[PDB]
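Protein chains in written order, with this note's numbering: chain A, 10 to 355; chain B, 23 to 369; chain C, 23 to 369.
What follows is a set of notes on a single structure, which appears directly below.
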Amino acid sequence: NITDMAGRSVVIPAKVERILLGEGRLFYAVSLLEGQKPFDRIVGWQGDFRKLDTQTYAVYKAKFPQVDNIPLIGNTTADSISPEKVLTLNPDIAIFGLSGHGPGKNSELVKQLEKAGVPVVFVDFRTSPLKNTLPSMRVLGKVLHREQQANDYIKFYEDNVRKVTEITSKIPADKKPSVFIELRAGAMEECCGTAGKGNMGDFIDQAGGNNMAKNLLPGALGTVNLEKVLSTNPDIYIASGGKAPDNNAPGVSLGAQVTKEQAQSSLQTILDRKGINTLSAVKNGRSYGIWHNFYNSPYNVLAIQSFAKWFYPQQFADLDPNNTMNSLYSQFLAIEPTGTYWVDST
Amino acid sequence: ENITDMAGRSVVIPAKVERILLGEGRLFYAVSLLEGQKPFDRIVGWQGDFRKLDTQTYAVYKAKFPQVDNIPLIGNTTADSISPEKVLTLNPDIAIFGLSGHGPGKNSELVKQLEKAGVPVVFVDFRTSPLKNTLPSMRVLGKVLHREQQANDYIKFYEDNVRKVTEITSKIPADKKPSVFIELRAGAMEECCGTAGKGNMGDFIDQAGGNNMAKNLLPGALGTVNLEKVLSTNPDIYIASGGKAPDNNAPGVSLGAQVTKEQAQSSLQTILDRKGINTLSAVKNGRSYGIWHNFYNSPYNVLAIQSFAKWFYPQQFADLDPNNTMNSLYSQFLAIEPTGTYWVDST
Amino acid sequence: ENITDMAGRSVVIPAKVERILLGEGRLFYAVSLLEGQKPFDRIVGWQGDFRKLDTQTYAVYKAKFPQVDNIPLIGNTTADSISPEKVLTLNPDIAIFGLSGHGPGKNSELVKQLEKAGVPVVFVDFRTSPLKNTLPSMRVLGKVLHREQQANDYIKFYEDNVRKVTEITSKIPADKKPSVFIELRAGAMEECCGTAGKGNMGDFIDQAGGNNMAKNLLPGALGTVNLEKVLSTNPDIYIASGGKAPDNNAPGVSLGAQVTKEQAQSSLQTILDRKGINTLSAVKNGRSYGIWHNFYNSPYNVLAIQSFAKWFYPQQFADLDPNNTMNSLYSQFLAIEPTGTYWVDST
Ligand SMILES: N=C(N)NCCC[C@H](NC(=O)c1cccc(O)c1O)C(=O)N[C@@H](CO)C(=O)O
Ligand SMILES: N=C(N)NCCC[C@H](NC(=O)c1cccc(O)c1O)C(=O)N[C@@H](CO)C(=O)O
Ligand SMILES: N=C(N)NCCC[C@H](NC(=O)c1cccc(O)c1O)C(=O)N[C@@H](CO)C(=O)O
Ligand SMILES: N=C(N)NCCC[C@H](NC(=O)c1cccc(O)c1O)C(=O)N[C@@H](CO)C(=O)O
Ligand SMILES: N=C(N)NCCC[C@H](NC(=O)c1cccc(O)c1O)C(=O)N[C@@H](CO)C(=O)O
Ligand SMILES: N=C(N)NCCC[C@H](NC(=O)c1cccc(O)c1O)C(=O)N[C@@H](CO)C(=O)O
Ligand SMILES: [Fe+3]
Ligand SMILES: [Fe+3]
Numbered sequence: 010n011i012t013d014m015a016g017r018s019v020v021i022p023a024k025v026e027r028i029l030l031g032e033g034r035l036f037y038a039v040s041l042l043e044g045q046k047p048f049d050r051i052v053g054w055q056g057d058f059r060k061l062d063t064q065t066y067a068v069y070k071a072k073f074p075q076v077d078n079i080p081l082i083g084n085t086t087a088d089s090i091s092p093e094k095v096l097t098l099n100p101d102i103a104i105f106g107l108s109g110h111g112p113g114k115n116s117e118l119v120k121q122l123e124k125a126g127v128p129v130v131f132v133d134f135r136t137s138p139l140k141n142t143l144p145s146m147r148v149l150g151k152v153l154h155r156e157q158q159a160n161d162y163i164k165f166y167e168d169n170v171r172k173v174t175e176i177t178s179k180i181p182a183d184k185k186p187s188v189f190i191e192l193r194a195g196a197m198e199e200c201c202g203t204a205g206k207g208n209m210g211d212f213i214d215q216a217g218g219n220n221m222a223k224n225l226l227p228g229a230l231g232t233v234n235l236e237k238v239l240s241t242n243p244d245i246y247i248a249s250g251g252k253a254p255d256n257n258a259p260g261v262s263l264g265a266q267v268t269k270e271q272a273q274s275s276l277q278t279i280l281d282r283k284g285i286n287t288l289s290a291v292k293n294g295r296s297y298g299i300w301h302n303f304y305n306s307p308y309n310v311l312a313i314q315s316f317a318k319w320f321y322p323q324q325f326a327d328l329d330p331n332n333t334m335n336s337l338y339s340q341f342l343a344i345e346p347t348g349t350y351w352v353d354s355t
Numbered sequence: 023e024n025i026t027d028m029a030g031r032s033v034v035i036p037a038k039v040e041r042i043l044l045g046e047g048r049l050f051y052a053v054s055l056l057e058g059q060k061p062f063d064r065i066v067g068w069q070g071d072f073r074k075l076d077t078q079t080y081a082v083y084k085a086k087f088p089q090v091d092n093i094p095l096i097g098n099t100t101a102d103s104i105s106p107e108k109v110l111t112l113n114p115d116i117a118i119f120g121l122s123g124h125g126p127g128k129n130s131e132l133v134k135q136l137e138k139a140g141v142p143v144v145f146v147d148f149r150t151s152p153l154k155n156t157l158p159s160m161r162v163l164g165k166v167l168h169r170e171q172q173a174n175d176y177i178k179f180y181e182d183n184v185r186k187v188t189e190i191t192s193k194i195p196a197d198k199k200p201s202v203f204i205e206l207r208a209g210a211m212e213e214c215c216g217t218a219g220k221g222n223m224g225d226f227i228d229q230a231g232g233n234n235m236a237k238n239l240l241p242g243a244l245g246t247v248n249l250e251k252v253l254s255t256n257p258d259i260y261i262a263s264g265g266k267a268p269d270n271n272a273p274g275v276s277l278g279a280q281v282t283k284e285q286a287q288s289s290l291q292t293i294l295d296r297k298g299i300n301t302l303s304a305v306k307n308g309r310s311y312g313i314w315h316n317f318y319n320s321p322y323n324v325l326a327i328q329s330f331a332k333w334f335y336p337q338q339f340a341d342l343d344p345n346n347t348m349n350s351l352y353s354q355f356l357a358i359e360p361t362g363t364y365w366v367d368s369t
Numbered sequence: 023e024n025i026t027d028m029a030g031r032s033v034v035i036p037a038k039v040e041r042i043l044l045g046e047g048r049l050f051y052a053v054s055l056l057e058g059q060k061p062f063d064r065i066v067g068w069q070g071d072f073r074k075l076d077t078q079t080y081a082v083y084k085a086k087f088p089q090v091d092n093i094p095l096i097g098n099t100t101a102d103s104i105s106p107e108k109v110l111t112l113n114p115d116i117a118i119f120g121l122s123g124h125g126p127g128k129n130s131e132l133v134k135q136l137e138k139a140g141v142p143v144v145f146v147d148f149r150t151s152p153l154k155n156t157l158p159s160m161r162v163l164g165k166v167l168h169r170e171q172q173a174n175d176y177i178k179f180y181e182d183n184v185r186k187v188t189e190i191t192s193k194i195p196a197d198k199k200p201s202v203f204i205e206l207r208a209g210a211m212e213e214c215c216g217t218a219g220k221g222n223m224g225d226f227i228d229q230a231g232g233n234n235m236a237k238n239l240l241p242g243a244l245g246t247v248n249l250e251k252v253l254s255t256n257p258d259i260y261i262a263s264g265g266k267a268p269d270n271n272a273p274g275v276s277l278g279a280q281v282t283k284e285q286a287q288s289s290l291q292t293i294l295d296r297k298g299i300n301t302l303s304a305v306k307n308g309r310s311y312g313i314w315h316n317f318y319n320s321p322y323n324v325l326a327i328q329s330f331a332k333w334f335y336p337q338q339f340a341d342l343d344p345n346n347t348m349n350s351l352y353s354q355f356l357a358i359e360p361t362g363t364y365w366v367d368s369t
């Protein structure tokens, strides 16, 4: 038996072959365990990975066209999941997130699955990445019978994060740069989405930054008004996005099918917005883009490294997130790394 | 032919023993010193604490003895989870229990049931009063299990290896002794900070010539002291106990048979990086250490008394090496090979 | 409604409060700023520290309110002496506790008992982290006791009176600051010398633009530094805290509601005449002072921050008078008349 991220006891199945993904992008944690056979044990998933990660999807489709035939249990919201379609896939395990675009610990679907005799595991990369990322992988390892892959990934992760924390854990608060992260910048109805005590805030903390929204918000995600950002006038501005290159909607283009030219061109649009464009950080060129889906992925060590190099350029001159990304893919994944997951303003 | 156990009770020695019941699984450690190359041959069943709270030492014995998985578990990790029915159907001819711990005590119903069933019960203790009880416990186990030679051999080994410490620390006056705080299962409890009073690992601090800051804060062998009380006392030496497996992302110190030094140093450091702890003088000065938790209930505890002495007086015990003591212990008495890290220093 | 206390815990605000339990008696000081001319009307019971460790302020309130003697004492001066049974039979509708001090903390059993009984518990702090916690504590007490107006009035008063200091001392560079040692309950402890680190009266030294010599000697808010370490550091300014009653022949500094300037100066001098202390440069040069100890846990601590700034930079704060601040505090908020000596200079 194991304790999941909701504190609940889960009896590990003897053999797993029918994994249900409550949130599609929980695939990222699964991908680190399944080696060259990524989709072999997925009976169905939330449609967020296919619809909100179109780039990473297309790359896996070109090498694995059977991905199109994995059933979508819903669209991009917990409320759109048919519990009936879920149960007819006869899962032998269901992986859910404490938060996100899929069911949480108190949903009806979780109770239905408990009545059906199906083990449910809660992980978390989104609410409390710092507390939860590694424990989540340890647990997924045990319940999916991929302890070796999991232990390998934890060692890789700890080592690559320790490269940052060995330095930033000793830096005193008054020497840290102030940071604002604008999630899905440009692309929300009301500006400005950001992270508080949690989510990408954990990355700012680890990378030795000072999140200006840490004390403005009670939860992991929330909203701060444009004028509050202008008034705080933080040292460093970071925008997250995952927009596909050939999408004329507002947002930052980043992901597997994005070139540096397009990442720079679209970040600039984001930085040219009224108000934003007068920020000291934007004028001084301390303005950056990070791929949004790192907000819910155990690949988040790539962002902690990208934030650290932006917060202390020379102290992390020698650190290369692209090499960490390449080591990750070659050691663990079944596709080749492409595209741009981070960008600096021209 | 009768013996007095650690509960003051007389126990008549069985003519032949072949079905030993272990009230606490980790009481196996005392048994292992007697059974030579046939460690599990006489164990009918045991509490699940050894298998579930000592996964590393378990796995090593499993690789050499896969039949260990088939020894029945009479419960999980608490006295209240033991089914007395499963116990009695194993038809034990002796039951070994601890005065304290994760198994039944002298006043439990199960002890009375066993007395009604005609089964001798022996109380040992390595946990409440290690200094008073460890050697008497082994003497007794020797007599009731018909391994007097092994027991007497282990007592001589133990006394000699402890005397290496006490010859020096017994002459040191109180005012030249270091203040010490031991945080049991540091990082891994709900509320900080577990420790030992007059008993348990406190006995080891006493013997090794240290001054346990919790000796007078607590009435019993185990208890709790608040973080702020530790900060305020600001002791010269900080020690954290743990037994966490390397592959366990829960909080705590990794130590045991399957732990490397790098793993032990990295995980001790996490423990020392916690708010409050990290401002301790002992932590800043590098007088910060890790000890394997299960020494809190094992006659192998001479290893800890030695590690403490070398931490309490580094140069006066430069020449003492607990690893040589462990290697001699294993080769003389056990059926497995010593591996892993049972003690670590901070870098 | 709901609020966040000083332990990070959410507390549901009672609709009406009429039975306040004080975990530490001297938490009364925070309550007194809210209750106007009816100070004791809503107190069901309190720790005995206010009555036994603040005999002077007690006696003054007794002369105007003799019913104070009938408020139940839930214990003496230590968390361990509180009967949880007597507490629960008072049927409190709220309990106010301190993160630290002579009453229960966030992890005590009594706090859990009260949670089981359906009684809201609020943690405040004037003692561990006065700078971070004093004003947030008052805002919170305001909300849960339905005295938001009084609380907001006191915060404005406090901020303004502290700003009179910080406007000046916040711009002073470290190398122009005087070194300071504060000896808590000077002369009156078994082992010299109690003091404050990064917290407690240390926060006041920081705000008043001083350099606390124990800031980096200690991990916690309170601790101990040896006499010789003080002598060696030989700080610019020496401060002794006390609250001893005039007619008490025990050692310590006399300060409080019933102490005259001459009793405060005479008793400070005894404290400064002690072996070792009397060779300090600060003592010989007359930069030696007394501060009333209970400011170590009171939202009236703005009086200590102001007394400190005036000792640290006499001419820059020539025009500042902490006595006017106390009188403005008493007249605006309290139900008694200010008397006695809360601070003293050596002649
Ligand atoms: N399209 C919707 N109606 N909901 C979206 C899903 C869940 C929601 N998402 C976010 O708040 C969010 C914020 C910033 C950036 C993102 O990518 C986001 O997905 C959400 O998290 N809701 C909370 C509270 O209900 C939760 O599920 O815990
Ligand atoms: N809690 C909400 N109602 N909205 C916040 C999240 C929902 C929605 N998110 C996306 O469209 C999205 C796209 C790519 C990756 C993601 O994680 C996403 O969450 C959203 O942000 N909607 C905007 C309007 O488009 C909004 O509601 O502000
Ligand atoms: N999981 C539980 N509910 N109880 C655990 C077992 C019994 C308990 N153990 C400890 O207190 C303990 C403390 C520090 C370190 C350890 O390894 C521990 O096992 C226990 O000792 N109970 C006391 C009193 O009930 C006793 O048996 O004497
Ligand atoms: N007496 C108690 N109620 N708790 C303390 C002991 C119980 C538990 N112990 C262990 O997990 C354990 C592990 C390895 C070796 C041991 O000897 C153990 O006791 C424990 O400490 N639980 C924590 C919370 O999980 C706690 O009590 O706070
Ligand atoms: N009478 C006792 N045995 N203990 C008193 C408990 C409060 C204790 N007080 C001090 O340490 C103290 C030091 C200097 C000056 C003072 O006026 C003091 O009251 C205390 O603070 N305990 C801390 C740490 O244990 C706490 O409760 O967190
Ligand atoms: N926690 C401890 N063991 N000692 C520190 C404080 C205990 C005691 N305090 C007081 O008597 C006192 C008086 C007025 C106001 C306070 O806040 C007080 O704490 C104390 O100082 N004890 C002395 C012995 O006299 C000591 O322990 O050195
Ligand atoms: Fe989202
Ligand atoms: Fe235990």
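Don't be surprised by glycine CBs; every beta carbon is placed ideally from N, CA and C.
**Q.** C-alpha gap between residue 314 (chain B) and residue 283 (chain A), whole angstroms
**A.** Roughly 60 Å between the two C-alpha positions.
Q: Give the residues of chain B in contact with residue 122 (chain C), contact being defined as C-beta atoms less than 8 Å apart.
A: Correct list: 250.
Q. Anyone know if the C-beta pair for residue 147 (chain A) and residue 109 (chain A) falls short of 8 Å?
A. Cβ distance not < 8 Å, so residue 147 (chain A) and residue 109 (chain A) don't count as in contact.
Q) How far does the beta strand (DSSP E) with residue 359 (chain C) in it reach, from first residue to last? A) Looking at the DSSP string, residue 359 (chain C) is not in any beta strand (DSSP E), and its letter there is neither H nor E.
Q: Count the other CB atoms, across all protein chains shown, that sit within 10 Å of the CB of residue 268 (chain B); report buried if there are 16 or more and exposed otherwise.
A: Burial call: buried.
**Q.** Through-space distance from residue 52 (chain C) to residue 61 (chain C), alpha-carbon basis
**A.** Approximately 11 Å, taken between the alpha carbons.
**Q.** Where residue 95 (chain A) falls: helix, strand or coil (DSSP)
**A.** Residue state for residue 95 (chain A) is assigned as helix, using DSSP reduced to three classes.
Q: Starting from residue 245 (chain C), find everything on chain B with Cβ-Cβ shorter than 9 Å and list it in chain order.
A: Proximity of chain B to residue 245 (chain C) at the Cβ level (cut-off 9 Å) is accounted for by 253, 254, 255 and 256, in chain order.
Q | Short Cβ contact (8 Å threshold) for residue 272 (chain C) with residue 362 (chain C) | A | No. Outside cutoff.
Q. Which residue spans inside the region 106-142 of chain A form an unbroken alpha helix (DSSP H) run of at least 4?
A. Qualifying alpha helix (DSSP H) stretches, in chain order: 117-124.
**Q.** When A:308, A:309 and A:294 are compared against residue 320 (chain A), the one with the closest alpha-carbon
**A.** Nearest of A:308, A:309 and A:294 to residue 320 (chain A), Cα basis: A:294.
Q.
If contacts are defined as beta-carbon pairs under 8 Å, then residue 141 (chain C) and residue 106 (chain C) qualify, I think. What distance do you get, rounded to the angstrom?
A. At roughly 12 Å, the Cβ-Cβ gap does not stay under 8 Å, so residue 141 (chain C) and residue 106 (chain C) are not in contact.
(Q) So with CB distances below 9 Å, who are the chain A contacts of residue 272 (chain B)? (A) In chain order: 12, 144 and 147.
Q. For residue 69 (chain C) versus residue 183 (chain C), is the C-beta distance shorter than 8 Å?
A. Against a cut-off of 8 Å, the Cβ pair of residue 183 (chain C) and residue 69 (chain C) comes out as no contact.
Q: Take residue 248 (chain A) and list the residues in its own chain whose beta-carbon comes closer than 6 Å to its own, dropping the five residues that flank it on each side.
A: Around residue 248 (chain A): 191, 194, 261, 279 and 298.
Q. So is the beta-carbon of residue 210 (chain C) under 7 Å away from any non-hydrogen atom of ligand 6?
A. Yes; taking the cut-off as 7 Å, the Cβ of residue 210 (chain C) has a heavy atom of ligand 6 nearer than that.
Q: Could you tell me which chain F residues have their CB closer than 7 Å to the CB of residue 127 (chain C), listed as they occur along the chain?
A: No chain F is part of this structure, whose protein chains are labelled A, B and C.
Q. Residue 203 (chain C) by DSSP, collapsed to three states: which one?
A. Residue 203 (chain C) falls in the strand class under three-state DSSP.
Q. For the candidate residues C:188, C:317 and C:157, whose alpha-carbon lies nearest to that of residue 173 (chain C)?
A. Checking every option, the nearest Cα to that of residue 173 (chain C) belongs to C:157.
Q. What residues in its chain sit with their C-beta under 7 Å from that of residue 116 (chain A), if we drop five residues either side in the sequence?
A. Closer than 7 Å at the Cβ level, and outside the excluded window around residue 116 (chain A), lie 87.
Q.
Against chain B, does residue 142 (chain C) count as a neighbour if the rule is that its beta carbon must be under 8 Å from one of theirs?
A. Nearest CB-CB separation between residue 142 (chain C) and chain B: not below the 8 Å threshold.
Q: Could you name the residues of chain B that residue 163 (chain A) contacts, counting a contact when the two beta carbons are closer than 9 Å?
A: Near residue 163 (chain A) (Cβ distances below 9 Å), the residues of chain B are 269 and 271.
Q) Buried or exposed: which applies to residue 178 (chain A), given that a residue is buried once 16 or more other Cβ atoms fall within 10 Å of its Cβ? A) With fewer than 16 other Cβ atoms within 10 Å, it is exposed.
Q: Could you tell me which residues DSSP pairs with residue 34 (chain C) in its beta bridges?
A: Per DSSP, C:24.
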